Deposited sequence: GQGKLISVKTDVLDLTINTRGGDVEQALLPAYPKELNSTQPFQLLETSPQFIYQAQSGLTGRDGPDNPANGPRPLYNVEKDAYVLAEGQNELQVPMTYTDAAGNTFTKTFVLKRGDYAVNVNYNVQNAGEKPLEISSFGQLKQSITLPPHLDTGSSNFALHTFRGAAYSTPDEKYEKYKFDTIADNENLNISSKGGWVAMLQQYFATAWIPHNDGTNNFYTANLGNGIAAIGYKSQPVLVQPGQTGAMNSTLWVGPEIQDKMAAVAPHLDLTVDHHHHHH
C-alpha cells in the first residue's frame, strides 16, 4: 500500500513494497508562476515517472530481486504528519524474511528540512553472516510530458554532470569512491542520494528501457554476524537549494542548483 508522510515543507507518498518515494510535493513552492498549487518534484503517473528508490541489496538484501519479491514492510499507520510540538517525524517500517531476520527501514524528516534521512537496521537471526549493501536510485523519464539531467560528486572529482542523452545512448557511469553523492537536476530543484558510510561506494547510471534513465549508488557490502544488528544510513535530498542544510549533508551538494 501507499502511505502519506507530511511535514511543513514536504508531502511524500511512499510505497511500503520496498519503501520507494513515488510522489513528492513541495507545499511551499508554486507549481507554476502565480499558481497556489504545490510544486511536484517526484511523480508517478501514466505520462511521467520520477521516483526516489532505495533499499538493501547485496547477497542477502531483501531488495535484491534474486532474494524474492521487494519486501512488503509493515507500518504502524497509513498517514504520518509532523505534530505541532515536534521537530522530527519518524516513519519506521519493518520486514521479516523467511529465515526470521528483521529489516527496519526508517525515514526521518525534520521541520523545514528537505533532507530526508533513510536509515536501516538489520537484525541477523540466522546462522550465516548476512552480506548487505544499501542502494539509492533516482529514475526519471528522459523526455518530459537550466541543465536537466544527472550529476555526481566524489572527493576527487567534486562535480560532474552526466547527460540523459549519454544514458539513452547506453554509455553509462560505473565509478567507485569513498564518500560522494548522485543527483538529478533541473532549474531550482534537485534530488540526490547521499550515502553515509566508511566504505567504497559504487555510483552508476542505467538506461532502464522505455525512455527511463537512472542514477544511483550501491554501498560496499557489510557483514552482519549471527545474532548481531547492523545499521546503514543515507540521505535523500528532495527540494530547492538550502546552502546551510546541504553543506552539513555532503560536500558540494550545493553545486546541484548552485
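### Message
Checking coverage: what stretches of the deposited chain sequence are missing C-alpha positions?
### Response
Gaps vs deposited seq, in order: 1 to 3, 149 to 161, 275 to 280.
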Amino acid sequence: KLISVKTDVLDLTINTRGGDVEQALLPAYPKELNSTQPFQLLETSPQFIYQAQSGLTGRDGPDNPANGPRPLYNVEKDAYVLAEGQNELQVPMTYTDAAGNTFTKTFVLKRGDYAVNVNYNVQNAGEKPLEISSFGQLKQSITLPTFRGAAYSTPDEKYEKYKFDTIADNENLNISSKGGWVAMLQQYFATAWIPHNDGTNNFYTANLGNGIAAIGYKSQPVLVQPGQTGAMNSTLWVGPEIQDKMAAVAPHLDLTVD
From here on, numbers count along this sequence of modelled residues.
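### Message
Test of understanding: from the entry's C-alpha B-factors, which stretch has the higher mean, 93 to 101 or 159 to 167?
### Response
Looking at the recorded C-alpha B-factors, 93 to 101 comes out higher on average.
#### Entry: Residue range whose averaged C-alpha B-factor is higher in the record, 214 to 222 or 32 to 40
Averaging CA B-factors over each stretch, the winner is 32 to 40.
### Message
Given 180, 149, 85, 136, identify the residue with the highest C-alpha B factor in the PDB entry.
### Response
Answer, based on the entry's C-alpha B-factors: 85.
### Message
Highest recorded C-alpha temperature factor, please, choosing from 122, 118, 115, 81.
### Response
It is 81.
### Query
Based on the entry's values, in what third of the chain does the Cα temperature factor of residue 107 lie: lowest, middle or highest?
Tercile = lowest for this residue's CA B-factor.
### Task
Pull the Cα B-factor of residue 75 out of the PDB entry and bin it into the chain's lowest, middle or highest third.
As the PDB entry reports it, the C-alpha B-factor of residue 75 lands in the middle third of its chain.
### Task
Classify residue 246 as lowest, middle or highest third according to the C-alpha B-factor given in the PDB entry, relative to its own chain.
As the PDB entry reports it, the C-alpha B-factor of residue 246 lands in the highest third of its chain.
#### Entry: Ranked C-alpha temperature factor of residue 47 among modelled chain residues, by third
Ranked within chain, residue 47 CA B lands in the highest tercile.
### Message
Using the temperature factors of the C-alpha atoms in this entry, rank residue 68 within its chain: lowest, middle or highest third.
### Response
Residue 68: CA B-factor falls in the highest third of its chain.
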